[PDB]
Every structure is written in C-alpha cells, then in structure tokens.
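Below: the structure, in structure tokens.
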Amino acid sequence: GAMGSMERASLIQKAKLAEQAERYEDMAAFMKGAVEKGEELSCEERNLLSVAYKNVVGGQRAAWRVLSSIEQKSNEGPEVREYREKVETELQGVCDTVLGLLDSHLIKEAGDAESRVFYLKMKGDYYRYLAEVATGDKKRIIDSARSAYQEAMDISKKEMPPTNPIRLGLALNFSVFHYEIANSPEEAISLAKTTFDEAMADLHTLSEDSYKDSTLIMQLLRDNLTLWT
Amino acid sequence: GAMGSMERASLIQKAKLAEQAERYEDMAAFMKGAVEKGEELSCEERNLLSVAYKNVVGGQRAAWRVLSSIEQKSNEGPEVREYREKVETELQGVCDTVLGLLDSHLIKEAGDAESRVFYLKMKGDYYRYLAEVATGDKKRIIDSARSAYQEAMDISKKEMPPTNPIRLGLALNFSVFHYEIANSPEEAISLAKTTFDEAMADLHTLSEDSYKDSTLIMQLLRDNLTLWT
Amino acid sequence: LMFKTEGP
Amino acid sequence: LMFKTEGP
Ligand SMILES: Cc1ccc(-c2cccc3cc(C(=N)N)sc23)nc1N
Ligand SMILES: Cc1ccc(-c2cccc3cc(C(=N)N)sc23)nc1N
Ligand SMILES: Cc1ccc(-c2cccc3cc(C(=N)N)sc23)nc1N
Ligand SMILES: Cc1ccc(-c2cccc3cc(C(=N)N)sc23)nc1N
Ligand SMILES: [Cl-]
Ligand SMILES: [Cl-]
Ligand SMILES: [Mg+2]
Ligand SMILES: [Mg+2]
Ligand SMILES: [Mg+2]
Ligand SMILES: [Mg+2]
Ligand SMILES: [Mg+2]
Ligand SMILES: [Mg+2]
C-alpha cells in the first residue's frame with residue numbers, strides 16, 4: 001500500500017482530480033488506496049473505482065489487439081511476440097489487481113443489491129478481459145466470468161427493477177460475454193432482447209432523469225442486436 | 001539502462017510497434033534505450049525519439065494545466081496543490097531525462113546540420129516545457145531555451161533551405177516561445193511572418209512531396225499569426 | 001470490431 | 001488556449 005499514508009478522503013478527492021486531468025493510471029492507484037482503507041465504498045466511489053480501471057485496462061486491451069493483429073499478419077523476428085507478451089502480462093496484472101480488491105474484501109462485505117451486483121459484474125468483466133487473451137486455462141477463466149455474471153444476474157432479477165442501470169449494464173456485458181467469449185451468439189441475442197423488452201415495459205415508472213440513464217444503456221443493447229441480427 | 005540487454009535494432013522495432021499501439025511511455029523507454037547504445041541516430045530514429053517524448057510530455061502538460069486551473073479557481077484542502085506538484089514533478093523528470101540524452105551525448109556527436117538543428121530544437125522545447133511550470137529560476141530556464149533555439153536558428157539559416165521542415169518547425173516553436181514564455185509577442189509575430197514569407201518564396205524549388213511537408217508547417221505559422229494579429 | 005459494453 | 005507548435 002503505497003497510498004497507506006494518505007487519508008481516505010484525500011485519495012477520493014485526488015481520484016476525482018485525476019479523472020478531470022485524464023490521468024487514469026493515477027486515478028486507479030488512488031482508488032486502490034481508498035479500497036485498501038478497508039471501509040465499504042459508496043455508490044460514487046464504486047463508480048470511480050470502475051471508471052479508473054476500465055480506462056487503464058481499455059488502453060491495454062486496445063494495444064494488445066493492435067499487436068496481436070500484427071503478430072498474426074506476420075505468421076500466415078521475436079519482437080512482435082515479445083512485446084505483445086509484455087502488454088499481455090501488464091493487462092493480466094491489472095486484471096489480477098482488480099480481482100484481488102473484489103476478493104479482499106469488497107464482495108464479501110457487500111450486502112446491498114446495488115453494491116453486490118456492481119462488484120460481481122466487475123468480477124465478470126475482469127475475468128472476461130483475462131479470457132480475451134487466454135489460450136490454455138481459457139476454459140476455467142471463462143467459467144469464472146460466467147459464474148460471477150450469473151450470480152449478479154440472479155440477484156439483480158430478484159432485487160432490482162428491470163430499468164436499473166446496473167442491472168442493464170450487467171446484462172449488456174454478459175450478453176457480449178456470451179457472444180464473443182463463450183461462442184453462444186443465440187444466448188447473447190436472447191439475453192439482449194429480453195433485457196431490452198423488460199426495460200421498455202418499466203420505463204413508465206421512471207423520472208425524466210432515471211429515464212435518460214436507462215434508455216442510454218438500452219441503446220447499447222439495441223446497437224449490439226443490430227450488429228448480431 | 002533497463003534496456004541494456006535488448007538489441008538496438010529490437011528497441012527501434014519495438015518503438016515502432018509501441019507507436020502503432022499508442023503506447024507512448026513504452027515508445028519513449030525503447031527509444032531511450034536505443035539512444036543509450038551510444039550510436040548516432042538516423043533521421044527516422046530521431047523522429048521516433050521526438051514523437052515518443054512529445055506524446056508523453058504532452059499528456060503531462062495537459063494534466064498540469066487542468067490541475068493548475070483548478071488550483072487557481074480555489075484560490076481567488078492541500079489536495080489540488082499536492083497533486084499538481086506530483087504531476088509537475090513527473091513532467092520535470094521527463095524533461096530532465098530528454099535533456100540528459102541530448103547532453104549525453106546526442107548534441108556533441110551531431111555534426112550534420114539536420115541532426116544538430118533537430119537536437120538543439122528539442123533542447124529548446126524541453127527547456128520551454130520546464131519554463132511553463134517554473135516560478136523561481138524561471139529566468140535561467142527561459143534563457144536556456146532561448147540559447148538552444150537561437151543556436152539552432154543560426155545553423156539552420158546557414159545550412160538549410162527556408163522550406164526545410166526542421167527549420168520551419170524550429171521557427172514555429174521558437175515563435176511560440178517568444179510569445180508565451182518570453183513575453184515578446186512582437187518578436188514572435190516578426191519571426192513567424194519572416195519565416196512564412198521566406199518559405200513561400202522557396203516553394204517553387206520543391207517536389208510535390210516536399211511541398212506537402214513544408215506547406216503543412218507553414219499553415220501552423222499562419223494559424224498562430226491569425227490568433228496573434 | 002468490438003461490441004458495445006458498459007462504461008468507457 | 002495553446003498556440004500551434006511542431007509535432008503531436
Ligand atoms: C452520488 C453519486 C455520484 C455519481 C454516481 C455515478 C453513477 C454512475 C456513473 C458515475 C460515473 C462517475 C465518474 N466518472 N466520476 S460518478 C457516477 N453515482 C452516485 N450515486
Ligand atoms: C449515469 C451517470 C453518469 C455520471 C454521473 C455523475 C454524477 C455526478 C458526478 C459526475 C462526475 C463525472 C465526471 N467527472 N466525469 S460523471 C458524474 N452520474 C450518473 N448518474
Ligand atoms: C527514413 C525516414 C522515415 C521517417 C521520417 C520521418 C520524418 C518526419 C516525421 C516522422 C515521424 C515519424 C513517426 N511518427 N514514426 S517517422 C518521420 N524521416 C525519415 N528520414
Ligand atoms: C512529415 C512526415 C511524417 C511522417 C513520415 C513518416 C515516414 C515514414 C514512416 C512513417 C510512419 C509513421 C507512423 N507510424 N505514425 S509517420 C511516417 N514521414 C514524413 N516525411
Ligand atoms: Cl518487449
Ligand atoms: Cl498527490
Ligand atoms: Mg484517516
Ligand atoms: Mg502470456
Ligand atoms: Mg438462430
Ligand atoms: Mg548489439
Ligand atoms: Mg514544483
Ligand atoms: Mg506592435
């Protein structure tokens with residue numbers, strides 16, 4: 001814990017500043033520090049944690065795909081493979097760090113549905129990112145993602161309205177998992193359709209501000225369905 | 001030298017891959033490794049070195065300006081100042097690293113005008129970035145930038161055509177130095193005008209490909225003149 | 001090409 | 001606002 005000497009509140013404040021400065025590696029290190037204070041995270045703090053690591057790992061995933069593509073082109077010197085391995089290793093270390101925060105001890109202390117579903121979604125996401133680069137224990141990684149996503153689905157279906165943005169973002173990502181990772185395009189399509197339709201039928205209950213949040217994610221479901229069908 | 005065990009050619013190849021992956025911190029570390037092999041750099045290699053560090057320091061400059069602005073707003077907790085100082089320190093370390101490569105020993109071994117002007121321009125640029133964040137020995141930093149830029153100008157005026165893209169990019173940056181750093185807007189305007197006009201009168205000598213390179217930088221001179229007048 | 005997932 | 005300088 002490099003951040004062990006900084007106040008929890010200062011870490012959160014600095015995470016917000018780093019976001020404004022587009023310094024996402026800093027943002028993630030600050031939020032890791034906050035998590036390691038051992039207190040549960042608020043809604044805003046969970047989202048800061050997620051945004052920070054999503055941005056960090058997103059940069060690594062984009063680099064890995066560029067390099068993997070080049071590696072494949074030259075296969076149809078060791079340098080492309082070596083550098084792809086370097087980036088791959090850094091990505092895996094980021095995913096392992098996020099999964100370690102969730103395991104020690106965010107998930108076990110999350111009793112409310114909004115926190116527990118949020119963290120289980122994250123666990124599915126970061127196993128999915130590991131699965132994207134995996135070859136050998138790819139099967140066990142895939143099943144770890146599936147299991148986390150499914151537990152999050154089961155809770156969100158019992159505890160959250162169908163328009164809840166966390167539930168919608170969960171279903172969106174689990175759908176992509178099904179399509180791209182588990183080679184289950186029909187499951188992906190069914191999940192996205194059923195999610196969209198049940199959300200549609202619940203929008204009448206929402207305030208204008210909730211409506212905006214939910215319909216934004218529904219559009220992402222529709223966007224994928226359009227590509228998939 | 002973390003990169004001391006990698007071949008010079010592999011470092012260059014990996015710098016090019018990192019550029020494709022938009023991994024500019026990696027790109028700079030690879031090019032620093034290549035410089036530290038002690039051989040002179042080719043034209044392409046100099047540009048790889050410059051692009052890499054320009055991207056790294058550009059991200060730090062943008063963050064510093066965001067944070068400096070926030071710091072000022074709250075002045076008209078210590079966290080904004082502390083984090084601005086952190087970023088500022090990281091920026092200064094990058095500038096110091098680049099200046100150390102130029103001093104040990106790129107500049108002293110650069111005998112051709114195209115290499116010597118390129119490196120002296122860089123030295124001016126990285127002193128300018130230090131000047132942007134300086135307060136106290138700001139005067140000595142400013143004069144170090146001025147001196148490097150001026151030596152580059154003197155050589156380029158004796159040894160390069162007025163359309164040479166290195167000469168044009170030098171004059172562009174020295175103009176901005178004059179305007180923003182040295183508080184000499186009239187010098188900045190005169191330099192940009194005289195540079196543009198002498199380049200204009202030399203374009204007739206260029207191939208279609210050289211013409212494209214030169215006129216691109218002339219447009220940047222014109223863009224600034226439009227803001228400045 | 002990447003399909004839409006949640007967040008940035 | 002920043003004035004144009006050379007490169008990226
Ligand atoms: C009190 C509160 C504040 C913000 C949020 C929130 C919700 C969804 C996304 C998101 C992204 C954020 C960011 N990029 N900083 S904050 C945030 N939720 C709350 N309950
Ligand atoms: C769906 C959603 C997205 C963002 C936010 C949000 C709320 C409060 C502050 C804040 C700061 C942000 C930033 N600095 N990028 S996003 C954000 N809330 C939501 N319900
Ligand atoms: C042989 C050769 C190749 C490339 C260049 C070159 C020139 C100006 C800008 C620039 C940027 C580059 C990059 N972003 N990789 S290469 C490059 N010059 C040469 N003499
Ligand atoms: C003015 C100028 C800009 C770029 C280049 C250039 C040349 C050869 C290769 C290459 C690769 C680049 C990249 N991968 N971004 S730029 C570039 N040459 C020039 N004369
Ligand atoms: Cl490597
Ligand atoms: Cl700090
Ligand atoms: Mg405390
Ligand atoms: Mg590997
Ligand atoms: Mg079918
Ligand atoms: Mg060798
Ligand atoms: Mg300082
Ligand atoms: Mg006047």
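Chain lettering (A, B, ...) mirrors the order of the structure tokens, residue numbering begins at 1 for each chain separately, and ligand numbering begins at 1 in order of display.
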
Could you build a table of the residues in chain D lying no more than 7 Å from chain B, giving for each the nearest pair of atoms and their separation in Å rounded to one decimal place, using only C-alpha atoms, ordered by chain and ascending residue number, as JSON lines?
{"residue": "D:3", "atom": "CA", "partner": "B:224", "partner_atom": "CA", "distance": 6.1}
{"residue": "D:4", "atom": "CA", "partner": "B:220", "partner_atom": "CA", "distance": 5.9}
{"residue": "D:5", "atom": "CA", "partner": "B:173", "partner_atom": "CA", "distance": 5.3}
{"residue": "D:6", "atom": "CA", "partner": "B:169", "partner_atom": "CA", "distance": 5.3}
{"residue": "D:8", "atom": "CA", "partner": "B:55", "partner_atom": "CA", "distance": 6.6}

Exercise answer, chain B residues close to chain A, 10 Å and only C-alpha atoms, as a PyMOL selection string: chain B and resi 9-11+13-15+17-23+26+59-67+70+77-80+82-84+87

Write out the residues from the selection above, keeping N, CA, C and O atoms, as a short mmCIF file (atom, residue, chain, number, x, y, z; two decimals), in the first residue's frame.
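Now in part15.cif:
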data_model
loop_
_atom_site.label_atom_id
_atom_site.label_comp_id
_atom_site.auth_asym_id
_atom_site.auth_seq_id
_atom_site.Cartn_x
_atom_site.Cartn_y
_atom_site.Cartn_z
N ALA B 9 18.51 -2.80 -32.62
CA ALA B 9 17.51 -2.93 -33.68
C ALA B 9 16.16 -3.37 -33.12
O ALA B 9 15.12 -2.90 -33.59
N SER B 10 16.16 -4.20 -32.08
CA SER B 10 14.90 -4.65 -31.49
C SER B 10 14.21 -3.51 -30.75
O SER B 10 12.98 -3.42 -30.77
N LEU B 11 14.98 -2.64 -30.09
CA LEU B 11 14.42 -1.47 -29.42
C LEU B 11 13.72 -0.55 -30.43
O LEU B 11 12.63 -0.05 -30.18
N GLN B 13 12.58 -1.42 -33.46
CA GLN B 13 11.39 -2.13 -33.93
C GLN B 13 10.25 -2.03 -32.92
O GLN B 13 9.10 -1.74 -33.28
N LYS B 14 10.56 -2.24 -31.64
CA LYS B 14 9.53 -2.16 -30.60
C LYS B 14 9.03 -0.73 -30.38
O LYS B 14 7.84 -0.55 -30.10
N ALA B 15 9.89 0.28 -30.54
CA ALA B 15 9.39 1.66 -30.53
C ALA B 15 8.33 1.86 -31.62
O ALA B 15 7.28 2.48 -31.40
N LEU B 17 6.39 -0.42 -33.03
CA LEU B 17 5.20 -1.16 -32.60
C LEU B 17 4.44 -0.41 -31.51
O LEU B 17 3.20 -0.31 -31.55
N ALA B 18 5.17 0.11 -30.52
CA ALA B 18 4.51 0.87 -29.46
C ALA B 18 3.79 2.08 -30.02
O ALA B 18 2.69 2.41 -29.56
N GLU B 19 4.39 2.76 -31.00
CA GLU B 19 3.69 3.86 -31.64
C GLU B 19 2.37 3.38 -32.25
O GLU B 19 1.33 4.03 -32.10
N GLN B 20 2.40 2.24 -32.96
CA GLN B 20 1.17 1.71 -33.56
C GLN B 20 0.12 1.38 -32.51
O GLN B 20 -1.08 1.55 -32.76
N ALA B 21 0.55 0.93 -31.34
CA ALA B 21 -0.34 0.57 -30.24
C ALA B 21 -0.69 1.77 -29.37
O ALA B 21 -1.40 1.62 -28.36
N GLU B 22 -0.21 2.96 -29.73
CA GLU B 22 -0.40 4.18 -28.92
C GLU B 22 0.07 3.98 -27.48
O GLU B 22 -0.54 4.46 -26.53
N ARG B 23 1.20 3.29 -27.33
CA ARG B 23 1.81 3.06 -26.03
C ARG B 23 3.03 3.96 -25.93
O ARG B 23 4.16 3.52 -26.09
N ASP B 26 5.99 3.41 -23.30
CA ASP B 26 6.83 2.32 -23.80
C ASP B 26 7.71 2.80 -24.95
O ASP B 26 8.91 2.47 -25.03
N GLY B 59 0.82 14.71 -22.61
CA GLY B 59 -0.15 14.27 -21.62
C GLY B 59 0.06 14.90 -20.25
O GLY B 59 -0.90 15.30 -19.58
N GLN B 60 1.31 15.01 -19.82
CA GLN B 60 1.62 15.63 -18.54
C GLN B 60 1.31 17.13 -18.56
O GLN B 60 0.82 17.67 -17.57
N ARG B 61 1.63 17.82 -19.66
CA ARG B 61 1.34 19.26 -19.77
C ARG B 61 -0.16 19.52 -19.71
O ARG B 61 -0.62 20.44 -19.03
N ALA B 62 -0.94 18.72 -20.41
CA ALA B 62 -2.39 18.87 -20.38
C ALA B 62 -2.94 18.64 -18.98
O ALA B 62 -3.80 19.39 -18.52
N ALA B 63 -2.48 17.59 -18.30
CA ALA B 63 -2.89 17.35 -16.91
C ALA B 63 -2.49 18.50 -16.00
O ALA B 63 -3.28 18.93 -15.16
N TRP B 64 -1.24 18.97 -16.12
CA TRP B 64 -0.78 20.05 -15.27
C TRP B 64 -1.65 21.30 -15.44
O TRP B 64 -1.93 22.00 -14.46
N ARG B 65 -2.08 21.58 -16.67
CA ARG B 65 -2.87 22.79 -16.92
C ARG B 65 -4.27 22.66 -16.35
O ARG B 65 -4.81 23.62 -15.80
N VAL B 66 -4.86 21.47 -16.45
CA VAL B 66 -6.14 21.20 -15.82
C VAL B 66 -6.05 21.44 -14.32
O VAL B 66 -6.90 22.13 -13.73
N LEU B 67 -5.02 20.88 -13.69
CA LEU B 67 -4.88 20.95 -12.23
C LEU B 67 -4.51 22.36 -11.78
O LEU B 67 -5.01 22.84 -10.75
N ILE B 70 -7.65 24.39 -11.77
CA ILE B 70 -8.46 24.10 -10.59
C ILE B 70 -7.83 24.74 -9.36
O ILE B 70 -8.53 25.35 -8.53
N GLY B 77 -8.50 22.48 0.92
CA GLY B 77 -7.52 21.47 1.29
C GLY B 77 -6.26 21.49 0.44
O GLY B 77 -6.23 22.08 -0.64
N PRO B 78 -5.21 20.83 0.92
CA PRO B 78 -3.94 20.82 0.18
C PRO B 78 -3.95 19.91 -1.04
O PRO B 78 -2.96 19.89 -1.78
N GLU B 79 -5.05 19.20 -1.31
CA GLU B 79 -5.01 18.09 -2.26
C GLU B 79 -4.74 18.55 -3.70
O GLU B 79 -3.97 17.90 -4.41
N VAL B 80 -5.39 19.62 -4.17
CA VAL B 80 -5.15 20.03 -5.55
C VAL B 80 -3.69 20.43 -5.73
O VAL B 80 -3.04 20.03 -6.70
N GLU B 82 -1.13 19.53 -3.91
CA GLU B 82 -0.27 18.35 -3.78
C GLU B 82 -0.24 17.56 -5.08
O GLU B 82 0.83 17.12 -5.53
N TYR B 83 -1.40 17.36 -5.70
CA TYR B 83 -1.45 16.53 -6.88
C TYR B 83 -0.87 17.27 -8.09
O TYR B 83 -0.15 16.68 -8.91
N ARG B 84 -1.12 18.58 -8.18
CA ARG B 84 -0.45 19.39 -9.21
C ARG B 84 1.07 19.31 -9.08
O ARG B 84 1.78 19.16 -10.08
N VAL B 87 2.26 15.84 -10.46
CA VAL B 87 2.32 15.83 -11.92
C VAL B 87 3.46 16.71 -12.40
O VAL B 87 4.22 16.33 -13.29
#

9 Å contact set for range 89-97 of chain A, only C-alpha atoms, chain neighbours under 4 positions out, as a ChimeraX atom specification: /A:32,53,56-57,60-61,64,84-85,101-102,126-127,129-130,133

Residues within 9 Å of residue 35 in chain B, only C-alpha atoms, excluding chain neighbours under 2 positions, as a ChimeraX atom specification: /B:8,30-33,37-41,49,101,105-106

Among the residues B:27, B:6, B:48, B:131, the one that comes closest to ligand 3 [using only C-alpha atoms and all ligand atoms]: B:48

Atom pair CA of residue 229 in chain A / CA of residue 204 in chain A: separation (Å): 27.6 Å

Within-12 Å residues of ligand 12, basis only C-alpha atoms and all ligand atoms, as number ranges by chain: B: 184-190, 228-229

How would the residues just picked look written out with N, CA, C and O atoms as a PDB file, in the first residue's frame?
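What landed in part-v6.pdb:
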ATOM      1  N   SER B 184       7.313  38.256 -25.490  1.00  0.00           N
ATOM      2  CA  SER B 184       7.824  39.066 -26.601  1.00  0.00           C
ATOM      3  C   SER B 184       6.929  38.821 -27.801  1.00  0.00           C
ATOM      4  O   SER B 184       7.347  38.197 -28.786  1.00  0.00           O
ATOM      5  N   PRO B 185       5.667  39.247 -27.728  1.00  0.00           N
ATOM      6  CA  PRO B 185       4.737  38.945 -28.827  1.00  0.00           C
ATOM      7  C   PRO B 185       5.159  39.536 -30.160  1.00  0.00           C
ATOM      8  O   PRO B 185       4.897  38.927 -31.210  1.00  0.00           O
ATOM      9  N   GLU B 186       5.813  40.696 -30.161  1.00  0.00           N
ATOM     10  CA  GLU B 186       6.236  41.276 -31.432  1.00  0.00           C
ATOM     11  C   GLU B 186       7.370  40.478 -32.053  1.00  0.00           C
ATOM     12  O   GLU B 186       7.393  40.281 -33.276  1.00  0.00           O
ATOM     13  N   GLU B 187       8.315  39.996 -31.240  1.00  0.00           N
ATOM     14  CA  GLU B 187       9.334  39.091 -31.779  1.00  0.00           C
ATOM     15  C   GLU B 187       8.699  37.834 -32.364  1.00  0.00           C
ATOM     16  O   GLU B 187       9.131  37.346 -33.417  1.00  0.00           O
ATOM     17  N   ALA B 188       7.724  37.256 -31.652  1.00  0.00           N
ATOM     18  CA  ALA B 188       7.026  36.064 -32.126  1.00  0.00           C
ATOM     19  C   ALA B 188       6.378  36.306 -33.478  1.00  0.00           C
ATOM     20  O   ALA B 188       6.450  35.456 -34.374  1.00  0.00           O
ATOM     21  N   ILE B 189       5.712  37.449 -33.627  1.00  0.00           N
ATOM     22  CA  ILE B 189       5.000  37.769 -34.866  1.00  0.00           C
ATOM     23  C   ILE B 189       5.993  37.991 -36.008  1.00  0.00           C
ATOM     24  O   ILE B 189       5.861  37.410 -37.096  1.00  0.00           O
ATOM     25  N   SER B 190       7.019  38.809 -35.768  1.00  0.00           N
ATOM     26  CA  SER B 190       8.053  39.031 -36.767  1.00  0.00           C
ATOM     27  C   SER B 190       8.711  37.725 -37.191  1.00  0.00           C
ATOM     28  O   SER B 190       8.941  37.487 -38.383  1.00  0.00           O
ATOM     29  N   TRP B 228      -2.588  35.901 -33.317  1.00  0.00           N
ATOM     30  CA  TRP B 228      -1.759  36.924 -32.703  1.00  0.00           C
ATOM     31  C   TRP B 228      -2.000  38.322 -33.264  1.00  0.00           C
ATOM     32  O   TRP B 228      -1.496  39.288 -32.688  1.00  0.00           O
ATOM     33  N   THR B 229      -2.740  38.451 -34.365  1.00  0.00           N
ATOM     34  CA  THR B 229      -2.889  39.737 -35.057  1.00  0.00           C
ATOM     35  C   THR B 229      -4.322  39.960 -35.529  1.00  0.00           C
ATOM     36  O   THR B 229      -5.263  39.500 -34.887  1.00  0.00           O
TER      37      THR B 229
END

d(atom 11 (C, counted along the ligand's line) of ligand 3, CA of residue 124 in chain B) in Å: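 Computing the Euclidean distance for atom 11 (C, counted along the ligand's line) of ligand 3 and CA of residue 124 in chain B yields 19.1 Å.
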
All helix (DSSP H, G or I) positions in range 14-153 of chain B, as a PyMOL selection string: chain B and resi 14-20+24-35+43-73+79-109+113-133+138-153
